[PDB]
């Protein structure tokens, strides 16, 4: 009964208002139910902070997103439909309805705009509007050791410049205050992008309170790689993190000197 914007309306709101964004997906609900996820062990301080931010209302300073799953599941792949309609919502729908009482939310799938869409025709337009958020911007990327967002592809080639804060690939929440301090030291006037699972959501909220603009964009790199491959399955990549292969086994980095030169702090 919760009202969730489409991807097109969510991205347009970010383009219109310049708002920050924080997204909550199935893994955040897992932790709010007291259950660990693969790259974040359960932590009560984390779950309470996630439990708090989910209940917040959206405005021109910060848009809060939920999975666009409370209606029209025919939009998604048969595997995605089976997950939401037969696994997640049976468990947690009454939790969503209890906690999430804002008038409206953005779509958490602005990060996930390809592989699980039944019709992939509009994906090109989603990635185009995403790229417009950072076109000609100086960027601060806050991501984990294996994320390597944009490494090996042209996702961020339209940005003016990139600096990166490298965080733990898992259980990053225990270093949250150290990460925040690194962001303060290096952010200047840059747009902050974060790819950091549950920790990213607390990070964005906290940095918004300090007057930064930050976008939680999660697994955008994996979805972009699949989009460029024309993939039909969540094919695992060998040289960086892959969405829904969250244990990070069988990864060996390729030498990227541009990436290495963008690192300004390493907390992994």
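Residue numbers count along the first chain shown, from 1.
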Next on the checklist: So, looking at the entry's B-factor column for Cα atoms, which has the higher mean, 210-218 or 52-60?
Outcome noted: 52-60
Next on the checklist: Highest mean C-alpha temperature factor of the two stretches 158-166 and 85-93, which is it?
Outcome noted: 85-93
Item to check | From 152, 197, 125, 113, residue of greatest CA B-factor | outcome: 152
Checklist entry - Going by the entry, which of 145, 80, 191, 179 has the most elevated CA B factor? => result 80
Checklist outcome for this item: Tertile call for residue 20 (CA temperature factor, within chain, third-based) is the lowest
Checklist entry - Where does residue 260 sit by CA temperature factor within its chain: lowest, middle or highest third? => result highest
Next on the checklist: Using only modelled residues of the chain, where does the Cα B factor of residue 41 rank: lowest third, middle third or highest third?
Outcome noted: highest
Checklist entry - If you rank the chain by CA B-factor, which third does residue 70 end up in: lowest, middle or highest? => result highest
Item to check | Cα B factor band for residue 138 (lowest, middle or highest third within the chain) | outcome: lowest
